[PDB]
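The structure appears below as structure tokens.
So basically every Cβ, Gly included, is an ideal-geometry build from the backbone, and we count neighbours across all protein chains shown. None of the figures in this text is laboratory data; all of them are computed from the coordinates on show.
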Amino acid sequence: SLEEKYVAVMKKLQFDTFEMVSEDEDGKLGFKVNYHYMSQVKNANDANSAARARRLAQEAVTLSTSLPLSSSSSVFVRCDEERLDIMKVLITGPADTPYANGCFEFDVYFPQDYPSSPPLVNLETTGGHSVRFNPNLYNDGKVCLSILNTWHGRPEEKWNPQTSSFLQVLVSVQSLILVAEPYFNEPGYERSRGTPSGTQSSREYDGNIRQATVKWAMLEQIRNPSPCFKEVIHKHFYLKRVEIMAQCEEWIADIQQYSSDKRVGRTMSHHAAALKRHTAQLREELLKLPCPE
Amino acid sequence: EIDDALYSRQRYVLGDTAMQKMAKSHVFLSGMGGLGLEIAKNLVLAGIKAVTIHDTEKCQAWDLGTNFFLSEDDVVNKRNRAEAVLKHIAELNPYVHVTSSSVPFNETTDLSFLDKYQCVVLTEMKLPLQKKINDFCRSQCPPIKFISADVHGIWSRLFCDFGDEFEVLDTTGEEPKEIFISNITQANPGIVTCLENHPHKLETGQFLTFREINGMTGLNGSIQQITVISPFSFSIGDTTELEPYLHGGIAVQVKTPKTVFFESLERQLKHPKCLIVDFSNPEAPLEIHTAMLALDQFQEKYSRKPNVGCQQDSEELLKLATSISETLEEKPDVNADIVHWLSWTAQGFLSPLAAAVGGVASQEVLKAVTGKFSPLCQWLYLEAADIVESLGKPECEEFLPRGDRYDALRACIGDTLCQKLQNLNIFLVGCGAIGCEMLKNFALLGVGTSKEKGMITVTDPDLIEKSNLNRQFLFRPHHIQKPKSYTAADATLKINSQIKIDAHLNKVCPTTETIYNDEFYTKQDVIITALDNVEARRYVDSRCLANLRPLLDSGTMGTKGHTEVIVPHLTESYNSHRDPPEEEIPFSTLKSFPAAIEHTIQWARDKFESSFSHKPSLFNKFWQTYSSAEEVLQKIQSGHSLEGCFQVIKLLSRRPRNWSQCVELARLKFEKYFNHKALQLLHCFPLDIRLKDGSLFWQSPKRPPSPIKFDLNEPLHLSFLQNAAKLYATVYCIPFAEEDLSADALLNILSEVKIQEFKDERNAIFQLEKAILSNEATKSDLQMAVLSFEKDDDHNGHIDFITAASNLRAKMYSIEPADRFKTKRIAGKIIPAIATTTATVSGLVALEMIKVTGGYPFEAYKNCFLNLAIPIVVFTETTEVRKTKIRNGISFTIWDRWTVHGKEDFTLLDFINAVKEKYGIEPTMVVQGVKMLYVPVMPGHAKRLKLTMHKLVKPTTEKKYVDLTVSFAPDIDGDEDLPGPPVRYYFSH
Ligand SMILES: O=P(O)(O)O[C@H]1[C@H](OP(=O)(O)O)[C@@H](OP(=O)(O)O)[C@H](OP(=O)(O)O)[C@@H](OP(=O)(O)O)[C@H]1OP(=O)(O)O
Ligand SMILES: Nc1ncnc2c1ncn2[C@@H]1O[C@H](COP(=O)(O)OP(=O)(O)OP(=O)(O)O)[C@@H](O)[C@H]1O
């Protein structure tokens, strides 16, 4: 029943409009919230092709109709009230992964030649560029994907102005970046998947990613929520607060199981201590979280 | 030595060997008409050691309309044409020793004096004397290159003769392309398997060399001729005796000398080998050759050119052409129209055609003394018959001279078209090389010189640079750092005192649309672009579409060039083009897995960006946002997160205090860049790891790194250390001197520096409190100078630093290094350019402007694409407009706009209903620019239908109308929304 309630409540908040950019009387672009592609937006020409506007409108129709939504993972999109090329995306990490139940924020800007070029996507929950959440998610926020022409891949895996869509980009992010074993996303280590050394390296990477996720994807998102998704973040955390506690306890136990390793034991102990501190802070914040309207 | 500050762009085209061969070359040029003047100008801009101009005739009032250097004083004093321009010609390039000659030319003249020169160009000279000269020149050992160029009215002629045997050292001038090898077959013959994808695009008969091939150690360094089998394979010789093949391989193309043949002039006249420029009329060049030969015979037999409109002269010329044609080997048919028009405009002279032919001939001359490209073989017949074809049958009195400077142009295009040229309000964008040549063409054609009407507007915000003097002939060394537009306007007035030019320093961009409003474009009659980037071209084209104004576009890249003609309601626009997306280096290739020198150069460039432009700006912004560092410490102690606070506080702790610390920082950065990175990358991916397919992870195109230990004795290491130290000292605002940069001083500084061995909130707090205690928090400490990438200035050390870093990275990845100039070109994306191509495309664009002004039908306009390297010149019809249908038989083009009118209570449904009633189709979504106004599926917009226009858009009072874009529902479900033409709506009536 909890999953059904979560699906029902979150569905009304999957797609909405928010005022990210407002123009003053002079005619300059004022930004009300932080945006990664601010410079390119300020330099965007007004000679926009009507094809770009049509494609953006059709993509908006598709997003309002068929955005993914489930207890394991969900997608939330906010579009500017006066600019179709300004969009922020919040993705909840799929279960059974180190990103599970983590709220990750993205900034998407559509270039002037869109859909000829893939839209630019930049991760915002980088923790001040101190965390590399994935081999394809660099600490600077760049996202590497074949469909964005930022990664090596087949022509059918590259951006196609006629067939590729933004919903496909979101689904690809969910199904390829936030995976069960992110350590093997690297195109060199995947040939040692299942080997003992590869398993140990994957476990270390998973521990680091779990501690980073608890530190940033939920702690900072509940302490300083973005204005765009604030209601969504609050409702999601309030609905899933018990599951967060269970997941954190399971992660702590699992990481403490391998704290006696002779090769990575010190890193396991460090990650476990950081995870315990983050869990205590999360406990405090969730206890202080009021019931959303 | 060659001063790069003046010839950088030409060196990027010709190269060092071509430049050295250009020096110590003496060129003789005869005939100082318009064509000869253009050739001399292009050659003296190129940088020939010495040019001799020869002419025997005196100045005349008729010469003002064809020569852009003569003045009334020369006519009054009856000065020799060669001498009257000698002073002005030398001003273009002080390195060129220009000399004048006036020795008479005739059959009995001692012609042995030409042996001193190396290339002779003849213009406006009798044909038999050309035969004699060409007979003499080709018989010399070594042969003296001969080029003949002439212009008669709207018909031209070009001829080359570089001896019976001529050798070219570079067939096309294109850089060899590196090819990756996947498999080698030990068989007779061997078979090459190209790497996955990446077609080689080679041809049978070429020579290919191989290197870095495992197994066949004997095939490395060998040269083998290939035989194309497939786009990913070819055939090599015997490899059976060799050892088997494991993996890897690199193949690059080897250029080989080519020998071309030429025939004597007296033999080419009986069966010429012309060059085809218009494939619709392949037989046209032969007919033009026949007509011009008939013209020369007429000149011989009557000692005068045919008179304008004389029937007997035309009949005589036609009879001569018919007699000549049957003696030709191919027996062509005499073209009545071509002969008639040649007779009609025999005495005339066209300026843009002369400029184009001069550019081509100058390029051929450059080929003659260097062998850089494949020379023309063996004729070239450019023409502008389209100018007069649309005129019908004009009266002879219209072409008669009137006694002014425009007598030459009038004798070509009639008086009416000349007058319509003098009353043009033409807007020219950009004042580069093409802009300067177009201004010269305007001055020669008298564009906008009428008192009542006519106005040329030229805008360019840049300033004159030393390297711009090589290609833009309107400027002088004392014009450096002056505005381009003002200098060009002042210089053009000298050529023609009747011109009326307005120069603006404003750019052309959306931010400056307030001055170049729709009324301004309506006032104009034709817009010509001389831009260098695509975004400005697209903006100008979009602006022209909204006002229905003709647009002429041009652009040159090295020896390549192209022109495009856009006419309202007739042709497609520039934005209609859809070029394929360009290949871009992925993040993995640039950051960690480079394969070519370009990758390391780009890595050096953006490393310089991050090190001295981006991060200092972040530092300044962060510290100006939070003035008090103690306040920042307090906020950190209270758990307040800040953007990039850790990065900035790390920057503060490592801020150097004097020159020695800057040298230490340079050493640390060198170690981090070229020793720690390779070690950590090999640690992450050991060299011996295998993949599932069994291929090594470091297979091609990936290359394994190797640590480079610092050594001050190495010139490259010392260069990098010096440049990095200078840049860091400048950024951190500390003084330094030249002796502080010496090798000995550097040795004494870093000799005691320990080097770290290869292997956050608390550290940030510790650093901040230590800095506060150490008083390193003054307003000077919280600011850091930001540098900009000035590639043109050689003394700032930017290019030296980038070159040193790129070469070091290449040495780390076993890639061969690159010289300073190649790094300067690639990192600074300097587009190669030369004067000849710009002059040629300017002449062609001027011809297109004449066509546009004449209001000629669609068939007359011709787009041109030329590449002087081959050389090839292609004229094709411009792409016609395309009808686009949507529904109910309604169709629209790119030039169509719809207009609607509303009122105060005009709601959104009112506007939609009005458009549906007017055009029979229902709009479904309305968007101004990037602002959405009605999207039914989007939540919060169904109720927007009731909303009035003034509330929906919240418009400004500056304009009563806003430009909108609409779309319509598809006639079949499952398809995207049908496109629609832009619609302009007025809030009132
Ligand atoms: O800012 P970037 O251009 O991306 O360069 C950084 C930077 O090195 P530099 O400041 O020497 O240019 C980092 O150092 P910090 O300024 O962040 O301390 C360094 O990080 P490490 O200290 O971990 O080496 C990182 O290297 P990496 O991404 O391998 O960790 C390296 O990136 P690139 O040199 O590859 O650009
Ligand atoms: N938007 C624009 N509006 C007006 N002028 C422009 C615009 N964009 C470019 N230009 C002008 O176009 C000209 C192009 O000419 P050119 O190719 O000689 O350029 P350049 O920068 O001087 O050359 P180089 O790259 O060899 O140094 C420049 O002088 C530049 O000022």
Linear extension gain, B:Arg690 paired with B:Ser641, 0.36 nm per residue minus alpha-carbon span: 13.2 nm
Test item: Cα-centred dipole of region B:188-266, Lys/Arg +1 and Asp/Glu -1 on Cβ, debye: 200
Inter-site label distance for B:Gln312 and B:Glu91 at 7 Å from Cα along Cβ, in nm: 4.8
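Of B:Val927, B:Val360, how do they rank once you tally other Cβ atoms within 10 Å and put the fewest first? List each step's numbers first, then the result.
Numbers: B:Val927 22, B:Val360 27.
Ordered from fewest to most neighbouring Cβ atoms within 10 Å, B:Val927, B:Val360 come out as B:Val927, B:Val360.
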Too-long pairs where the Cα-Cα distance tops 22 Å, listed order kept, from B:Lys177/B:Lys258; B:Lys24/B:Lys367; B:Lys21/B:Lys116; B:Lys635/B:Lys672; A:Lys28/B:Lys615: B:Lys635/B:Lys672; A:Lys28/B:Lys615
Cut-off 20 Å (backbone N to label point 7 Å along Cα→Cβ of B:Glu397), residues of region B:306-345: B:307-312, B:344-345
Length added when fully stretched, A:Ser130-A:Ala253, from 0.36 nm per residue minus Cα-Cα: 41.7 nm
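Given a cut-off of 30 Å, name the pairs among B:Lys305/B:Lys372; B:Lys78/B:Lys393; B:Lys650/B:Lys726 whose C-alpha atoms lie farther apart than that in the structure shown.
Details: B:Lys305/B:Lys372 39 Å; B:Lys78/B:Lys393 38 Å; B:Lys650/B:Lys726 21 Å.
Cα-Cα > 30 Å for B:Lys305/B:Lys372; B:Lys78/B:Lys393; rest within.
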Within the protein assembly as shown: Cβ-based charge dipole about Cα centre, in debye rounded to nearest 20 (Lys, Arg +1; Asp, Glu -1): 2980
Helix runs (DSSP H) in chain A reaching 18 Å along axis by Cα, Kyte-Doolittle at least 0.0: none
23 Å Cα-Cα reach of A:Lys12 towards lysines, excluding residues that sit fewer than 8 places from it in its own chain: A:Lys88, A:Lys230, A:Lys235, A:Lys240, B:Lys943
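Let me confirm one metric for peptide B:629-635, namely the mean number of other chain beta-carbon atoms within 10 Å of its residues' beta-carbons.
Numbers: counts 0, 0, 0, 0, 0, 0, 0.
Mean shielding by partner chains, rounded to a whole number: 0.
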Peptide A:51-62, shielding by other chains (average Cβ, 10 Å cutoff): 6
Rule-of-thumb Rg ratio for region B:311-421 [Cα; 2.2 N^0.38 Å; N residues]: 1.32
Sum of -39500 (n - 2.57) over DSSP H runs of 4+, divided by residues of chain B (222 nm, nearest 500): -11000 deg cm²/dmol
Cα convex hull of region B:837-937, projected area averaged across orientations, nm²: 11.8
Distance histogram for region A:1-151 (every C-alpha pair counted, 5 angstrom bins, percent rounded to whole numbers): 2, 8, 15, 20, 20, 17, 11, 5, 2, 1, 0
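Computed FRET efficiency, Cβ-Cβ of B:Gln206 and B:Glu243, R0 25 Å: what is it to the nearest 0.05?
Details: r = 26 Å, r/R0 = 1.04.
My answer for the efficiency is 0.45.
With charges only on Cβ, +1 for K and R and -1 for D and E, what is the dipole size of region B:78-203 about its Cα centre, in debye, rounded to 20?
Numbers: 13 positive and 18 negative charges, 156 e Å.
Dipole magnitude for region B:78-203 comes out near 760 debye.
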log₁₀ of I(q)/I(0) at q = 0.18, 0.21, 0.22 Å⁻¹ - region B:403-529, Debye sum with one point per alpha carbon: -0.97, -1.21, -1.28
Karplus-derived HN-Hα couplings along region B:195-211 (A = 6.51, B = -1.76, C = 1.60, θ = phi - 60°), whole Hz, x at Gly and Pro: 4, 4, 6, 6, x, 6, 6, 10, 10, 5, x, 6, 10, 10, 10, 10, 7
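From other protein chains only, count the Cβ atoms within 10 Å of every residue's Cβ in B:585-596, then give the mean.
Values: counts 0, 7, 8, 6, 1, 0, 2, 0, 1, 0, 0, 0.
Shielding by partners across B:585-596 averages 2.
Go ahead and estimate [θ] at 222 nm for chain A from helices alone: -39,500 (n - 2.57) per DSSP H run with n ≥ 4, summed, over the residue count, rounded to 500.
Numbers: 7 runs with 107 residues, N = 293.
Theoretical 222 nm ellipticity from helices: -12000 deg cm²/dmol.
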Intensity falloff of region B:253-362 expressed as log10 I(q)/I(0), Debye formula with alpha-carbon point scatterers, at q = 0.14, 0.18, 0.22 Å⁻¹: -0.67, -1.04, -1.34
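Suppose a student asked you for the relative contact order of chain A, using Cα pairs under 8 Å spaced at least 6 residues apart; what percent would you report?
Working: 400 pairs, mean separation 41.9, N = 293.
The value is 14 percent.
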Long-range HN-HN contacts of B:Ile872 with modeled amide H, under 5 Å: B:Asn867
Taking B:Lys453, B:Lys331 and counting other C-beta atoms within 10 Å, the order from fewest to most: B:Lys331, B:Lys453
Footprinting exposure proxy for A:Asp107, B:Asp4, B:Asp794 (fewest neighbouring C-beta atoms within 10 Å first): B:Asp794, B:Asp4, A:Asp107
J(HN,Hα) series, region B:132-137, from Karplus relation 6.51 cos²θ - 1.76 cosθ + 1.60, nearest Hz, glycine and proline x: 4, 5, 5, 4, 5, 5
For region B:69-78, Karplus couplings with θ = phi - 60° (6.51, -1.76, 1.60), whole Hz, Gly/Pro x: 10, 6, 9, 4, 4, 4, 5, 4, 7, 6
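How high is the relative contact order of region B:359-455? Use alpha-carbon pairs under 8 Å, at least six apart in sequence, and give a whole percent.
Details: 68 pairs, mean separation 19.6, N = 97.
The value is 20 percent.
Could you sort B:381-389, A:236-244 so that the peptide with the highest average Cβ count within 10 Å comes first and the rest follow in order?
Numbers: B:381-389: 21.2, A:236-244: 17.9.
Result, highest mean first: B:381-389, A:236-244.
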Approximate spin-label separation B:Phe710-B:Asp606, in nm, with each point projected 7 Å along Cα-to-Cβ: 2.7
Computed P(r) (all Cα pairs; the protein assembly as shown; 10 Å bins; percent): 1, 7, 13, 17, 18, 17, 13, 8, 4, 2, 0, 0
Kirkwood hydrodynamic radius of region B:198-331, Cα pairs, Å: 20.4
Estimated distance in nm for a label pair at B:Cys509 and B:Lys591, the labels positioned 7 Å out from Cα along Cα-to-Cβ: 3.1
Theoretical FRET efficiency, 1/(1+(r/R0)^6), r = Cβ-Cβ of B:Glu816 and B:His26, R0 41 Å, to 0.05: 0.60
Mean Cβ count within 10 Å, highest first, over the residues of peptides B:92-98, B:807-813: B:807-813, B:92-98
Calculated FRET value between B:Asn220 and A:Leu176, using beta carbons and R₀ = 45 Å, to 0.05: 0.65
Sequence-distant residues sharing a close amide H with B:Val526 (under 5 Å, placed H): B:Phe427
Relative frequency of Cα-Cα separations exceeding 19 Å in region B:664-800, percent: 68
Region B:356-383-region B:262-335 distance, computed between alpha-carbon centres (Å): 22
Diffusion coefficient, µm² s⁻¹, Stokes-Einstein with Kirkwood Rh over alpha-carbon pairs of region B:1-83 at 37 °C and 0.692 mPa s: 228
Taking region B:865-989 and dividing mean pair separation by its residue count, relative contact order in percent (alpha carbons under 8 Å, at least six apart): 28
Interchain or long-range residues, amide H under 5 Å from B:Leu964's placed H: B:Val983, B:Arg984, B:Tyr985
Dmax and Rg, reported as Rg then Dmax, of chain B (C-alpha, Å): 33.9, 104
